[PDB]
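One chain comes next, on its own, written out as structure tokens in the form deposited in one PDB entry.
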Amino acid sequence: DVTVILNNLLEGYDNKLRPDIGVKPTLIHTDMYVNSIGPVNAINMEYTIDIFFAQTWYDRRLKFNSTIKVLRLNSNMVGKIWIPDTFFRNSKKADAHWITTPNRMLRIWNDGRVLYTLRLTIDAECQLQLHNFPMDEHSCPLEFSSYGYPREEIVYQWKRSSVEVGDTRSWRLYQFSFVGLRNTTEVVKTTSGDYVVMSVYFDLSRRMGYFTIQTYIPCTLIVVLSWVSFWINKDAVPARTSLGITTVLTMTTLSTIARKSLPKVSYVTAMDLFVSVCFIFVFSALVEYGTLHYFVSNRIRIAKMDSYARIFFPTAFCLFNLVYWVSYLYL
């Protein structure tokens, strides 16, 4: 019964030619089911995504007259019929699955409509603008289109249930938090011709909990700590200098962690500015004492400088913090 039907379909069928060749473009309805977005590898500007890609088209050559309305095939019958050559344009490295069998499906109706779903693991490529790091947002894309067929031969189109997600909290996003999702359709011109590109955007925003404890608090505390030498008596030359210099050693140690999880970009990220300014603040604290000590011993300015530093430095640091956070959190 079913064996007879399958033999009829394959006979007189050439898989090198798309359906309705020389008549009209082959309309394809696609869908996706984002199983889990993997880690966002910021160093290599890539993110891993696992999906269940599904496609649907028509093929009059596969029509059959029977009471049976569906032929649920498997991963030994895909190559016989024509398959769209869809590839992910912004993919650095993509793999299908084969354990224990190739994760593929192929359902054929009696009216010619064909469904073809499969499971993929894609290392897409995403460009990151780390200017506001670690208070940044990104919209990592995912584009796919027919490779060899221009817009006059294959036309993609989202289905009504275009993109779906599973349990969002089960995603492997350690740092970023998924916030939104958009799907777009557009036409792109290349040397071979003009194609139809389908894009999915996953808006990601970084969570600042890790960095606040790791960097912003220890740096702020050290800057506060260096101000202690202003209240120390100016006759404790060994005390003020050792306190002054060791904070610089402490601040230098923390500057290591600022560039530890991001690529070697060549612009001042928001993190870089804060750590750099804290370095100068503790640096200026020791230079201030050096100026004060020189005029007291080696040679009304002297008394003022000890008193002014107790007020100006905390005020200067507070205004910088007021400017810094508003410049990023608010803008």
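Definition used throughout: the rigid core is the maximal C-alpha set that superposes within 1.5 Å between two forms. In this text, residue numbers run from 1 along the sequence as written.
Not pictured, yet referred to below: the form deposited in another entry.
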item	value
Displaced residue between the shown form and the other one, judged on C-alpha after the rigid core is fitted, out of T241, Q127, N183, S205 (threshold 2 Å or more)	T241
C-alpha of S229 off by 2 Å or more between the shown form and the other one on rigid core	yes
Core-aligned CA displacement of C318 at least 2 Å between the shown form and the other one	yes
